[PDB]
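Notes follow once the structure below has been shown.
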Amino acid sequence: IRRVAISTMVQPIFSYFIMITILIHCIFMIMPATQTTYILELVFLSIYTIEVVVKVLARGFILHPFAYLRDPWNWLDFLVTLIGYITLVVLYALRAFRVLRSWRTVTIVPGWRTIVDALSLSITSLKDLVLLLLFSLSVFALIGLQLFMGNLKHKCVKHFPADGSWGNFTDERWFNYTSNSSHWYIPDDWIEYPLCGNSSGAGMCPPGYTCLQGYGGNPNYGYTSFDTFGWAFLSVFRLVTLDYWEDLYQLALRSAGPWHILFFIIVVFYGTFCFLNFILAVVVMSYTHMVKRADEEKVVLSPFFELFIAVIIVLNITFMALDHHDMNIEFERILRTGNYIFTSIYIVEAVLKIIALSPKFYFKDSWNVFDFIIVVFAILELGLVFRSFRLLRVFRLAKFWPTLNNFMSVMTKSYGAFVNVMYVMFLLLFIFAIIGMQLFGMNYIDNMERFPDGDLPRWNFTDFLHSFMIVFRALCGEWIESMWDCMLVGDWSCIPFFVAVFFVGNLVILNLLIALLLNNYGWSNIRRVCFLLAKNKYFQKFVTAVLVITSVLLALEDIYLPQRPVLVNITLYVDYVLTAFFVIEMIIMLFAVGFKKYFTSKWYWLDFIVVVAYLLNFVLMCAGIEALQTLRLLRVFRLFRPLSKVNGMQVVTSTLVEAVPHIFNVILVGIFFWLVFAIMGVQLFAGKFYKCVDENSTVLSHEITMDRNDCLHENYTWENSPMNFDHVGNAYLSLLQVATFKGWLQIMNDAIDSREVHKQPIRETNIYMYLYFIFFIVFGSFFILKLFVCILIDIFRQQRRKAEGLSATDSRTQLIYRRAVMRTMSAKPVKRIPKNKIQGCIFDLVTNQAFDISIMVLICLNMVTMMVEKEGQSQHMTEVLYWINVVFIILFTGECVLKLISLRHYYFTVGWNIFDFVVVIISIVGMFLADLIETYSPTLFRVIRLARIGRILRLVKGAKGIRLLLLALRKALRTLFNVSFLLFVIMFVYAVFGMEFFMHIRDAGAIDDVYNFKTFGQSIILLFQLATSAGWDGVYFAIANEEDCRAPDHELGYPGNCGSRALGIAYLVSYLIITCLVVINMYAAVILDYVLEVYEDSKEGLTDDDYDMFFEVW
Ligand SMILES: CN(C)[C@H]1C[C@@H](c2cccc(C(F)(F)F)c2)CC[C@@H]1Nc1cc(F)c(S(=O)(=O)Nc2ccncn2)cc1Cl
Ligand SMILES: CC(C)CCC[C@@H](C)[C@H]1CC[C@H]2[C@@H]3CC=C4C[C@@H](OC(=O)CCC(=O)O)CC[C@]4(C)[C@H]3CC[C@]12C
Ligand SMILES: *[C@@H]1O[C@H](CO)[C@@H](O)[C@H](O)[C@H]1NC(C)=O
Ligand SMILES: *[C@@H]1O[C@H](CO)[C@@H](O)[C@H](O)[C@H]1NC(C)=O
C-alpha cells in the first residue's frame, strides 16, 4: 500500500497525466456548458480524488513534518477538490474558483522558480506599503469629503415662471416645480446633466436658469461623488491610479472653481509620482534579489553586393509602405512592377549565394536560411492570402542596422524570463476571466434593461472572449467603467474583483516586466571692462530678473488683451525696450568673451537666435508689417540658463542630457516596429471604416442600408471615421492612440465591425481582430514604451554617484560601509533631568509608553469620528460631531500642557514635540475662527476647516516601515522639487505657445467654454491634465479640425476659428514625448534610487535608528 503509493507518486508519468488532465479541463472550461461537460467534470473530479488519495497514503495527512498538507500546492489541490465535491452534493459562487487549479500549469515552463519566488517576495514585502497606502488614502478622502461634499449635485434649474402657468407663487409650489426633472437644463442627446457653480471661473448657466444644489443624483449612476467617506475613498483611489481621472477632474473644477486644482496637484504628486514608484522599487528589489541568488547558485561575397542588397531592401520597404486606399491605376502599376523586380532580384540573390557558397555552408547560417524562407514565400505568393508574409522582408534590415541587431541580440539572450513572465500574465488573465464570467455572466443578460438603451454594452462577461478582453482592459489600467457597469447590473462583489485585478495585473506583473527590462537592458580696456561687468554677480541677477519679468508680462496676453489699451501699450513699449536690451547684452557678451568662444556655445547660439528674431521683428515693424508673434514669443527660451543654475538642478539636467542619445535610439527602434505594425494595419483595415449615417450622427442598421449604393440612394451620408488606417500616417497616429490607451475604444470598435469595402459595418462581425491589437499592445506598450524609465533610472544612478563625489569603480558593499563610517562620525547624546515630587511623578507618568499608546488610540477614535461625517446629515449630528471634536481638542491640549510641565524647557529638543505644539496652536485657533467665519463664504469656511487634518497627521509617529519610507521621501524631496519646477517651466512655455496657436478654435471635442486656451489659467489647467496623456485624443480632435471652419478676415479683423492639423499634431506629439515619456519618468528614477539606498542601509548595513539605539544605553 505505502510502497505502491510512493512508487506511483515518484513516477513522472503521474504528474504528466495530471497536468494533461488539467489542461483539457481548462480547455473545456472555455466552451459553454452542456450535458457532456457534466460527465467530463465528474471524470476529472474522480481523477483528482485518486491523485489526492495516492498522495495522502504515500505521505500522511498533517501529523508529521513532511505530510501531505505541509505544502501550499497540496493545500490548494485539497481545497479545490473539496469545493468540487460540495458543489456536486448541492452556492453557485464557489464553483467559479475551480479554475485556481490551473495555476499549477505555471510549473511547466522551465525557470519558473525565479519568477514565482520574486512574485511571492514582492507580495510579502508590500506589507509595509499597504498601511501607508491606507493612511494616505484615508487622509486624502477626508480632505476631498471636506472640500467637494455635495458639489456634484449642482444642476441648472429653470426659473419659476411669472406668467402664472404653474399658479401663484408658494414655497411648496416652488419646491414642486424645481424638483421636476423636466425643468433641469440638459443639451439634447446628452446622458448627464451639466454641472454649474457661482464661483468665478466655474460653469455658467444659460439665461433663465439658476444653479441649485441637492437635486437629482450624482454622475455615473451615482457612483462618482464625495458625499460619504466610502465614495470619497473610491474617488481618491481612482485619482491616484489615474483611471479615467480627467472626467472627475473636469467635473470638480466645473462645480467648485479652478483654484481647487491645487487639491488635484497634491494627490497626483504624492499618490502617483511617489507611492506607485515605491511599489515599483519593491518589485525591482525582489526580482534583483532572486536573480542574484539564482546566478550565485549556478562578386556576391563582397561588401558592395551587401550594400546593394541593403539599398534594395530599403527601397522595397518604402514601396511597401507607400500602399494606401483608393490607389490610381498608375500607382498600382508602379508598385506591382517594383514588387516583381524585387522578387526577381531576391531569387537571383538566392541562386548566386547557393552557387558561390557551398549549399551546406549556405544553410549553416541562420540569415541565409531566413532569406531562403523569404524567397519561398515570395515565390508562393506570386504564384497564387500570403501577402502578409512580405513583412518578414522588413526584418532583414536588422542585419545591416547595428542598433536593431543589438536590440534583437539582447532580446534573444534572455528569452526565458520574458516567456515565463508573459505566461504568468496570460494565466492570471485566464483565471480572472473565468472567475468573472462565472460571477457576472447572468447579471448582464437578466438586468439588461437597466442599461441606458436596454442594449448589451460592448464590454461584458457574457462569454469567455469578452471576459478575457475585459480583464485585459483592466490590466491595461482601465477598470472603473467596467466596475460601474457591474454595479449597475450586479452588486458590491464587483468592487473587490476589478480592484484586485488592478493590483496583481498592473502594479505587480507589469512592474515585474519593467524590472526584467531594467535588469536586461542596462580696445584692451574695453574688453577688460566688459569682462568685469560680465562676470559680476549683480549684472547676472539683473538680467535674470528682467527675463523673469518679461516672461510674466508674456503670460498676460490673453483673449481679453485687445480690450485693455494700457496693457497693450505696456507690452509694445516693453518689446521696444527689450530689443535694445538684447542688442546691448549681445554686444557686451561679444566684447567680453570673444567671437570664437561666443559662437562655440549652444546657449550663446540660443541668445543669438533670440537677438536675430527680435531684430527681424523690429525691421518688420519699421517697414509697417505686423510683427511675427512667434518670433517675439521666442524670448521665453532664455529662462533655461537661470533654471539650470538653480541649486540642486545640475543632476537632473545632466541626466537628461546624457539620456538624450539613448532616447533617440529607442525612438528609432519604436518607429521601426510601429512601421511594421502600421503596414499590417493598413493591409487589414484600409478603407473599411466607412459607414452610413443620417442627419444626426447615428449609425444606421445594416438591414435598411446594405452597402454604399443603398446609402446614397436614400440620400444618407457615407462617412469615414476620423481615426483610420487609410495610409501609413493615419496608421501611425491610430497606433499612437492605441498605445497610450486614449481613444482606443472607438478604434477597435470600428475594427471589429469592419467588413468588405463598400459594405455597412455590423456589430462584432470581426471579433477576433482584437488579437491584432493585443499583440501590438504587448510589443508596443509593455516593452518599447518602458525602456525610457529604465534608461532614466540607470543614467540618474550614475549621475547621482558622480554628484556626491563617489568613485564609479567602487562596489556596493564599499559604498555601504563608507556611508556607515560617515554616519558614525557624527553623533552626540543628551539626557533630561527628572523633575518637585508632584512634577517628578508627572514626568514619570508621561514618560511611560502606555501614555503614547493611549494618545494613539484617541487619535484613531477622533479620525473615525471624522469619518462619520456625511452629506445631508441633520443639524443635530453635525453639532454633536463638532462637540466631540472640541472634547478631543481639549484632551490633546491637556496632554500638551502636561508634557510641557513635565519636560519644562526640554520639550523643544525633539522636533516632533514642536510639531505637536504647532498643531495644538493651529487647532485651538482655527476651531474658534471657524465659528466667526460661519456666522458671518462656504468655500472659505471649508478651506480654513482643513486645519483639523494636523491633529490626525500625528498617527504616523511611532511606525518603523512608514518611518523608513518617509526618510527616503525626505531625502528625495529636493530632487523631486527640482523636477517639478522643470516640469512647470515646460508647461509654462507650452501654455504660452498653445494660447498663441489655438485661442480662437470653435468649441468641439474636449474644448468648451470652461476648458480652452483662451487664458493662461485655462491653458495651464489643460496642460496639467495632458501631462499624464489623459484625454489628449479629445484635445487633438478639437485643435486639429479643419472642416466647417470659417477662414480669418484680416480686413474685418476677425481672427478666425479654424484649426490646423499639422500644427496640432506637432504640438501634442512633442508635448507627449517631452512630458509623459521623459520628464514624468524622472520621478520614478529618483524615487527608486533613494528607496533602494535606504533599504540597503537597513538590511546590509547600519541605519540612524541603530545609532540611536546604541546611544540610548550610553
Ligand atoms: C460646536 N460649536 C458650537 C463650536 C463650539 C465653540 C466653543 C465655544 C465656547 C466654548 C468652547 C469650549 F468650551 F470648548 F472652550 C467652544 C468652538 C468651536 C465649535 N465649532 C467647531 C468645532 C470643531 F471642532 C470644528 S472642526 O471638526 O473642523 N475642528 C477644527 C476646525 C478648525 N481647525 C482645527 N480644528 C469646527 C467647528 Cl465650526
Ligand atoms: C514651484 C512649483 C513646485 C509649484 C508651482 C506653483 C503652482 C501651484 C501655481 C503656479 C501658477 C498658479 C496658477 C496661476 C493661475 C491660476 C488661475 C486661477 O483662477 C483664476 O484665474 C481665477 C479667476 C477666475 O477664474 O475668474 C486659479 C489658480 C491658478 C490655476 C493658479 C493655481 C496655482 C498655480 C498652478
Ligand atoms: C413635470 O412636469 C411635466 C409637465 O407638466 C409633467 O407632465 C410631469 O408629470 C412633471 N413631473 C412629475 C414628477 O410630476
Ligand atoms: C408636483 O405636484 C403634483 C401635485 O400637484 C405631484 O403629484 C408631483 O409629485 C409634484 N412634483 C414633484 C414632487 O416633483
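As shown in the C-alpha cells, the chain order sets the letters A, B, ...; within each chain, residues go from 1, and ligands are also counted from 1 in the order they appear.
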Do you know which residues are at most 7 Å from region 260-269 of chain A counting only C-alpha atoms, after dropping those on the same chain fewer than 5 positions away, and could you put them as a PyMOL selection string?
-> chain A and resi 240+253+274
Kindly compile the residues surrounding ligand 2 within 8 Å, counting only C-alpha atoms and all ligand atoms, and format them as a PyMOL selection string.
-> chain A and resi 199-202+257-262+265+977-978+980-981+984+1016-1018+1020-1021
Within-6 Å residues of ligand 1, basis only C-alpha atoms and all ligand atoms, as a VMD selection string | chain A and resid 879 882 to 883 885 to 886 923 926 to 928 930 to 931 945 947 to 948
What do you get as a ChimeraX atom specification if you pick all residues at most 7 Å from ligand 4, counting only C-alpha atoms and all ligand atoms?
-> /A:176-177,179-180
Residue selection dump (N, CA, C and O atoms) as a PDB file, in the first residue's frame:
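Result written to again_25.pdb:
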```
ATOM      1  N   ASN A 176     -42.095  72.068  -5.631  1.00  0.00           N
ATOM      2  CA  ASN A 176     -42.655  71.134  -6.602  1.00  0.00           C
ATOM      3  C   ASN A 176     -42.083  71.382  -7.992  1.00  0.00           C
ATOM      4  O   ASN A 176     -41.678  70.447  -8.690  1.00  0.00           O
ATOM      5  N   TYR A 177     -42.043  72.649  -8.407  1.00  0.00           N
ATOM      6  CA  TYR A 177     -41.544  72.984  -9.737  1.00  0.00           C
ATOM      7  C   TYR A 177     -40.072  72.621  -9.880  1.00  0.00           C
ATOM      8  O   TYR A 177     -39.678  71.941 -10.833  1.00  0.00           O
ATOM      9  N   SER A 179     -38.248  70.586  -8.225  1.00  0.00           N
ATOM     10  CA  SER A 179     -37.964  69.165  -8.066  1.00  0.00           C
ATOM     11  C   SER A 179     -38.251  68.368  -9.330  1.00  0.00           C
ATOM     12  O   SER A 179     -37.780  67.232  -9.450  1.00  0.00           O
ATOM     13  N   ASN A 180     -39.010  68.928 -10.268  1.00  0.00           N
ATOM     14  CA  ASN A 180     -39.321  68.220 -11.501  1.00  0.00           C
ATOM     15  C   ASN A 180     -38.075  68.115 -12.369  1.00  0.00           C
ATOM     16  O   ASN A 180     -37.382  69.110 -12.603  1.00  0.00           O
TER      17      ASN A 180
END
```
Kindly provide, as a list in words, all nucleotide and amino acid residues lying within 12 Å of ligand 3, counting only C-alpha atoms and all ligand atoms.
-> residues 158, 165, 166, 173, 175, 176, 177, 178, 179, 180, 181, 182, 183 and 184 of chain A
Any chance you could export the current selection's C-alpha atoms as a compact mmCIF listing (two decimals), in the first residue's frame?
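Dumped everything to part-v5.txt:
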```
# COMPACT_ATOMS: atom_id res chain seq x y z
CA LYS A 158 -35.27 76.81 -14.82
CA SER A 165 -48.74 78.77 -15.80
CA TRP A 166 -47.74 76.91 -12.62
CA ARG A 173 -45.29 75.22 -5.44
CA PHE A 175 -40.30 73.24 -4.47
CA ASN A 176 -42.65 71.13 -6.60
CA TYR A 177 -41.54 72.98 -9.74
CA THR A 178 -37.80 72.85 -9.06
CA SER A 179 -37.96 69.16 -8.07
CA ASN A 180 -39.32 68.22 -11.50
CA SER A 181 -36.59 66.69 -13.65
CA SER A 182 -38.04 68.14 -16.86
CA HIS A 183 -37.04 71.67 -15.75
CA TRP A 184 -33.32 70.86 -15.46
```
For region 185-189 of chain A: contacts at 9 Å, only C-alpha atoms, fewer than 2 positions along chain excluded, given as a PyMOL selection string | chain A and resi 155-158+181-183+191-194+205-206+209
Neighbours of residue 786 (chain A) within 8 Å (only C-alpha atoms; same-chain residues fewer than 5 positions away dropped), as a tab-separated table (two decimals) with N, CA and C atoms, in the first residue's frame?
```tsv
chain	number	residue	atom	x	y	z
A	514	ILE	N	8.86	45.45	-16.01
A	514	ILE	CA	9.74	46.61	-16.01
A	514	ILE	C	11.07	46.26	-15.36
A	517	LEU	N	13.12	44.23	-17.79
A	517	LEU	CA	13.73	45.08	-18.81
A	517	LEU	C	14.91	45.86	-18.24
A	781	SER	N	3.55	48.70	-26.16
A	781	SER	CA	3.37	49.42	-24.91
A	781	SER	C	4.12	48.80	-23.74
```
Can you list, as an mmCIF file with N, CA and C atoms, in the first residue's frame, all residues belonging to region 637-753 of chain A that DSSP tags as alpha helix (DSSP H)?
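Just written: selection32.cif:
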```cif
data_model
loop_
_atom_site.group_PDB
_atom_site.id
_atom_site.type_symbol
_atom_site.label_atom_id
_atom_site.label_comp_id
_atom_site.auth_asym_id
_atom_site.auth_seq_id
_atom_site.Cartn_x
_atom_site.Cartn_y
_atom_site.Cartn_z
ATOM 1 N N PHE A 640 16.019 79.179 -19.505
ATOM 2 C CA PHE A 640 16.617 77.882 -19.204
ATOM 3 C C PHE A 640 18.012 78.004 -18.600
ATOM 4 N N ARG A 641 18.753 79.066 -18.928
ATOM 5 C CA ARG A 641 20.031 79.307 -18.262
ATOM 6 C C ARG A 641 19.883 79.441 -16.752
ATOM 7 N N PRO A 642 19.135 80.414 -16.224
ATOM 8 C CA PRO A 642 18.999 80.508 -14.761
ATOM 9 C C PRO A 642 18.385 79.270 -14.134
ATOM 10 N N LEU A 643 17.481 78.600 -14.851
ATOM 11 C CA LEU A 643 16.890 77.360 -14.358
ATOM 12 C C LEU A 643 17.946 76.290 -14.122
ATOM 13 N N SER A 644 18.882 76.133 -15.055
ATOM 14 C CA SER A 644 19.908 75.111 -14.894
ATOM 15 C C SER A 644 20.816 75.418 -13.712
ATOM 16 N N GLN A 650 21.570 70.590 -11.146
ATOM 17 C CA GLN A 650 22.566 70.104 -12.095
ATOM 18 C C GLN A 650 22.364 68.624 -12.401
ATOM 19 N N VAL A 651 21.985 67.837 -11.393
ATOM 20 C CA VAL A 651 21.859 66.394 -11.584
ATOM 21 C C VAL A 651 20.786 66.081 -12.620
ATOM 22 N N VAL A 652 19.642 66.764 -12.545
ATOM 23 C CA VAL A 652 18.536 66.469 -13.454
ATOM 24 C C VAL A 652 18.916 66.804 -14.892
ATOM 25 N N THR A 653 19.494 67.988 -15.106
ATOM 26 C CA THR A 653 19.886 68.383 -16.454
ATOM 27 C C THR A 653 20.963 67.458 -17.002
ATOM 28 N N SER A 654 21.929 67.079 -16.163
ATOM 29 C CA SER A 654 22.963 66.151 -16.607
ATOM 30 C C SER A 654 22.359 64.811 -17.001
ATOM 31 N N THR A 655 21.418 64.306 -16.201
ATOM 32 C CA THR A 655 20.767 63.042 -16.526
ATOM 33 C C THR A 655 20.045 63.132 -17.863
ATOM 34 N N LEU A 656 19.281 64.206 -18.071
ATOM 35 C CA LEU A 656 18.535 64.340 -19.320
ATOM 36 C C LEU A 656 19.475 64.444 -20.516
ATOM 37 N N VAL A 657 20.540 65.240 -20.388
ATOM 38 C CA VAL A 657 21.479 65.410 -21.492
ATOM 39 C C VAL A 657 22.155 64.086 -21.820
ATOM 40 N N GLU A 658 22.572 63.342 -20.794
ATOM 41 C CA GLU A 658 23.198 62.048 -21.032
ATOM 42 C C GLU A 658 22.216 61.046 -21.627
ATOM 43 N N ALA A 659 20.928 61.168 -21.301
ATOM 44 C CA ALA A 659 19.940 60.211 -21.779
ATOM 45 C C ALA A 659 19.423 60.526 -23.177
ATOM 46 N N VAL A 660 19.637 61.745 -23.679
ATOM 47 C CA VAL A 660 19.103 62.102 -24.998
ATOM 48 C C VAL A 660 19.450 61.068 -26.069
ATOM 49 N N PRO A 661 20.708 60.642 -26.234
ATOM 50 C CA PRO A 661 21.010 59.702 -27.333
ATOM 51 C C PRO A 661 20.302 58.363 -27.203
ATOM 52 N N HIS A 662 20.220 57.821 -25.987
ATOM 53 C CA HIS A 662 19.513 56.560 -25.790
ATOM 54 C C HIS A 662 18.031 56.715 -26.100
ATOM 55 N N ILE A 663 17.447 57.851 -25.715
ATOM 56 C CA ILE A 663 16.054 58.123 -26.052
ATOM 57 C C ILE A 663 15.878 58.166 -27.563
ATOM 58 N N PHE A 664 16.819 58.794 -28.269
ATOM 59 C CA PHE A 664 16.736 58.847 -29.726
ATOM 60 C C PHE A 664 16.785 57.448 -30.334
ATOM 61 N N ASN A 665 17.699 56.607 -29.848
ATOM 62 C CA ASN A 665 17.794 55.243 -30.368
ATOM 63 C C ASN A 665 16.510 54.463 -30.106
ATOM 64 N N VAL A 666 15.958 54.590 -28.898
ATOM 65 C CA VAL A 666 14.713 53.900 -28.576
ATOM 66 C C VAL A 666 13.588 54.399 -29.470
ATOM 67 N N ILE A 667 13.571 55.702 -29.757
ATOM 68 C CA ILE A 667 12.542 56.257 -30.630
ATOM 69 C C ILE A 667 12.665 55.671 -32.029
ATOM 70 N N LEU A 668 13.895 55.533 -32.531
ATOM 71 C CA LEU A 668 14.082 54.921 -33.846
ATOM 72 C C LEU A 668 13.586 53.477 -33.863
ATOM 73 N N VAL A 669 13.925 52.701 -32.830
ATOM 74 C CA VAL A 669 13.503 51.300 -32.796
ATOM 75 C C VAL A 669 11.980 51.205 -32.735
ATOM 76 N N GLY A 670 11.363 52.036 -31.895
ATOM 77 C CA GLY A 670 9.914 52.064 -31.830
ATOM 78 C C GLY A 670 9.288 52.468 -33.148
ATOM 79 N N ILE A 671 9.904 53.421 -33.848
ATOM 80 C CA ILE A 671 9.399 53.827 -35.156
ATOM 81 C C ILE A 671 9.456 52.658 -36.128
ATOM 82 N N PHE A 672 10.518 51.855 -36.056
ATOM 83 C CA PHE A 672 10.628 50.698 -36.944
ATOM 84 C C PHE A 672 9.515 49.685 -36.676
ATOM 85 N N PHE A 673 9.347 49.294 -35.409
ATOM 86 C CA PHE A 673 8.286 48.339 -35.086
ATOM 87 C C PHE A 673 6.907 48.902 -35.417
ATOM 88 N N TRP A 674 6.695 50.195 -35.168
ATOM 89 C CA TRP A 674 5.406 50.800 -35.470
ATOM 90 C C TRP A 674 5.172 50.894 -36.969
ATOM 91 N N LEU A 675 6.232 51.049 -37.765
ATOM 92 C CA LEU A 675 6.084 50.977 -39.213
ATOM 93 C C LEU A 675 5.625 49.591 -39.638
ATOM 94 N N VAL A 676 6.220 48.550 -39.054
ATOM 95 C CA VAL A 676 5.782 47.189 -39.372
ATOM 96 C C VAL A 676 4.301 47.021 -39.043
ATOM 97 N N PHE A 677 3.917 47.404 -37.825
ATOM 98 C CA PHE A 677 2.532 47.221 -37.404
ATOM 99 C C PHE A 677 1.580 48.105 -38.202
ATOM 100 N N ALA A 678 2.038 49.278 -38.642
ATOM 101 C CA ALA A 678 1.194 50.157 -39.440
ATOM 102 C C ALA A 678 0.975 49.591 -40.834
ATOM 103 N N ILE A 679 2.005 48.983 -41.423
ATOM 104 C CA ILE A 679 1.810 48.302 -42.699
ATOM 105 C C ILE A 679 0.792 47.181 -42.542
ATOM 106 N N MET A 680 0.919 46.392 -41.471
ATOM 107 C CA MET A 680 -0.047 45.319 -41.241
ATOM 108 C C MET A 680 -1.461 45.878 -41.088
ATOM 109 N N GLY A 681 -1.608 46.944 -40.300
ATOM 110 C CA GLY A 681 -2.925 47.516 -40.080
ATOM 111 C C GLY A 681 -3.526 48.119 -41.335
ATOM 112 N N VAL A 682 -2.696 48.740 -42.173
ATOM 113 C CA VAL A 682 -3.184 49.272 -43.441
ATOM 114 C C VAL A 682 -3.656 48.141 -44.340
ATOM 115 N N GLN A 683 -2.889 47.050 -44.405
ATOM 116 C CA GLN A 683 -3.342 45.903 -45.184
ATOM 117 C C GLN A 683 -4.661 45.359 -44.647
ATOM 118 N N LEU A 684 -4.870 45.432 -43.331
ATOM 119 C CA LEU A 684 -6.049 44.809 -42.732
ATOM 120 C C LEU A 684 -7.300 45.678 -42.869
ATOM 121 N N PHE A 685 -7.203 46.968 -42.535
ATOM 122 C CA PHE A 685 -8.376 47.814 -42.330
ATOM 123 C C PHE A 685 -8.425 49.016 -43.270
ATOM 124 N N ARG A 708 -22.948 50.905 -49.858
ATOM 125 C CA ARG A 708 -22.864 52.322 -50.198
ATOM 126 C C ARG A 708 -23.986 52.740 -51.139
ATOM 127 N N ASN A 709 -24.326 51.888 -52.109
ATOM 128 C CA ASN A 709 -25.326 52.269 -53.101
ATOM 129 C C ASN A 709 -26.665 52.567 -52.442
ATOM 130 N N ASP A 710 -27.089 51.721 -51.501
ATOM 131 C CA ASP A 710 -28.335 51.981 -50.791
ATOM 132 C C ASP A 710 -28.243 53.264 -49.977
ATOM 133 N N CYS A 711 -27.090 53.510 -49.353
ATOM 134 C CA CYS A 711 -26.925 54.716 -48.550
ATOM 135 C C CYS A 711 -27.089 55.969 -49.401
ATOM 136 N N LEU A 712 -26.459 55.997 -50.578
ATOM 137 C CA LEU A 712 -26.585 57.170 -51.438
ATOM 138 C C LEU A 712 -27.964 57.253 -52.079
ATOM 139 N N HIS A 713 -28.598 56.106 -52.336
ATOM 140 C CA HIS A 713 -29.930 56.111 -52.930
ATOM 141 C C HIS A 713 -30.940 56.780 -52.009
ATOM 142 N N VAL A 728 -0.287 55.121 -44.255
ATOM 143 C CA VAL A 728 0.669 54.808 -43.197
ATOM 144 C C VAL A 728 0.629 55.858 -42.093
ATOM 145 N N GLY A 729 0.439 57.130 -42.450
ATOM 146 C CA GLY A 729 0.398 58.164 -41.427
ATOM 147 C C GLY A 729 -0.794 58.030 -40.497
ATOM 148 N N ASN A 730 -1.976 57.775 -41.060
ATOM 149 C CA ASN A 730 -3.146 57.529 -40.224
ATOM 150 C C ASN A 730 -2.939 56.303 -39.347
ATOM 151 N N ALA A 731 -2.288 55.269 -39.887
ATOM 152 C CA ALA A 731 -1.994 54.085 -39.089
ATOM 153 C C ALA A 731 -1.061 54.414 -37.931
ATOM 154 N N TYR A 732 -0.030 55.222 -38.185
ATOM 155 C CA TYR A 732 0.864 55.648 -37.113
ATOM 156 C C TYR A 732 0.103 56.399 -36.031
ATOM 157 N N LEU A 733 -0.758 57.331 -36.440
ATOM 158 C CA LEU A 733 -1.481 58.142 -35.467
ATOM 159 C C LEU A 733 -2.445 57.278 -34.650
ATOM 160 N N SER A 734 -3.135 56.345 -35.314
ATOM 161 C CA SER A 734 -4.039 55.436 -34.613
ATOM 162 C C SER A 734 -3.278 54.532 -33.652
ATOM 163 N N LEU A 735 -2.106 54.044 -34.062
ATOM 164 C CA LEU A 735 -1.311 53.196 -33.182
ATOM 165 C C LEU A 735 -0.816 53.981 -31.978
ATOM 166 N N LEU A 736 -0.479 55.258 -32.172
ATOM 167 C CA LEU A 736 -0.115 56.096 -31.036
ATOM 168 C C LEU A 736 -1.291 56.246 -30.082
ATOM 169 N N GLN A 737 -2.497 56.427 -30.625
ATOM 170 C CA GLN A 737 -3.681 56.479 -29.772
ATOM 171 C C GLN A 737 -3.867 55.175 -29.001
ATOM 172 N N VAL A 738 -3.678 54.038 -29.671
ATOM 173 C CA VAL A 738 -3.884 52.742 -29.026
ATOM 174 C C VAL A 738 -2.859 52.520 -27.919
ATOM 175 N N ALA A 739 -1.589 52.824 -28.196
ATOM 176 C CA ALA A 739 -0.530 52.524 -27.237
ATOM 177 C C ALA A 739 -0.720 53.301 -25.942
ATOM 178 N N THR A 740 -1.081 54.579 -26.042
ATOM 179 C CA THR A 740 -1.288 55.402 -24.859
ATOM 180 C C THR A 740 -2.603 55.096 -24.154
ATOM 181 N N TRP A 744 -8.832 54.409 -27.851
ATOM 182 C CA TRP A 744 -8.716 53.072 -28.426
ATOM 183 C C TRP A 744 -10.053 52.338 -28.503
ATOM 184 N N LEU A 745 -11.002 52.648 -27.612
ATOM 185 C CA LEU A 745 -12.311 52.006 -27.682
ATOM 186 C C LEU A 745 -12.940 52.163 -29.059
ATOM 187 N N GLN A 746 -13.023 53.400 -29.552
ATOM 188 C CA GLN A 746 -13.635 53.635 -30.854
ATOM 189 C C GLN A 746 -12.842 52.961 -31.966
ATOM 190 N N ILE A 747 -11.512 52.996 -31.871
ATOM 191 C CA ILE A 747 -10.679 52.446 -32.935
ATOM 192 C C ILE A 747 -10.955 50.957 -33.100
ATOM 193 N N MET A 748 -10.901 50.200 -32.004
ATOM 194 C CA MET A 748 -11.162 48.773 -32.153
ATOM 195 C C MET A 748 -12.645 48.460 -32.313
ATOM 196 N N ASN A 749 -13.549 49.351 -31.897
ATOM 197 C CA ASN A 749 -14.956 49.159 -32.230
ATOM 198 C C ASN A 749 -15.164 49.191 -33.736
ATOM 199 N N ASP A 750 -14.547 50.162 -34.410
ATOM 200 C CA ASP A 750 -14.600 50.194 -35.867
ATOM 201 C C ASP A 750 -13.901 48.982 -36.461
ATOM 202 N N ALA A 751 -12.770 48.582 -35.876
ATOM 203 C CA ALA A 751 -12.006 47.475 -36.440
ATOM 204 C C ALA A 751 -12.801 46.176 -36.404
ATOM 205 N N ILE A 752 -13.456 45.882 -35.277
ATOM 206 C CA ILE A 752 -14.132 44.597 -35.141
ATOM 207 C C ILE A 752 -15.398 44.544 -35.983
#
```
For region 1071-1080 of chain A, work out the shell of residues within 10 Å, counting only C-alpha atoms and skipping chain neighbours fewer than 3 positions away, then give it as a PyMOL selection string.
-> chain A and resi 273+652+656+659-660+663+667+740+785-789+791-792+979-980+982-983+986-987+990+1023+1026-1029+1032+1065-1068+1083-1085
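The shell of residues at most 9 Å from residue 229 (chain A), with only C-alpha atoms counted and near chain neighbours (fewer than 4 positions) removed, consists of residues 138, 141, 142, 145, 233, 234, 867, 868, 869 and 870 of chain A.
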Skipping near chain neighbours, those fewer than 4 positions away, what residues fall within 12 Å of residue 954 (chain A) using only C-alpha atoms, listed as a compact mmCIF listing (two decimals) with C-alpha atoms, in the first residue's frame?
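Saved result, around-v2.txt, follows:
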```
# COMPACT_ATOMS: atom_id res chain seq x y z
CA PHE A 135 -3.41 56.04 5.78
CA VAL A 139 -6.39 61.39 4.66
CA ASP A 852 1.69 57.21 24.00
CA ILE A 855 -2.82 59.05 22.76
CA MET A 856 -2.62 56.97 19.58
CA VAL A 857 -5.92 55.27 20.42
CA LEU A 858 -7.52 58.68 21.00
CA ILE A 859 -6.19 59.86 17.63
CA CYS A 860 -7.72 56.80 15.97
CA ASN A 862 -11.02 61.11 16.52
CA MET A 863 -10.20 60.02 12.97
CA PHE A 892 -4.93 66.99 23.25
CA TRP A 912 8.05 66.01 16.89
CA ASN A 913 7.31 67.94 20.09
CA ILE A 914 7.47 71.22 18.16
CA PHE A 915 5.19 69.60 15.59
CA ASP A 916 2.69 68.71 18.31
CA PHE A 917 2.88 72.19 19.86
CA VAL A 918 2.29 73.88 16.50
CA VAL A 919 -0.62 71.56 15.71
CA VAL A 920 -2.12 72.37 19.12
CA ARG A 948 -8.29 69.60 11.56
CA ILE A 949 -6.01 67.35 9.47
CA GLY A 950 -2.98 68.36 11.53
CA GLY A 958 5.95 55.56 16.13
CA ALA A 959 5.97 53.47 12.96
```
At what distance in Å, to one decimal, does CA of residue 962 (chain A) lie from CA of residue 500 (chain A)?
-> 23.4 Å
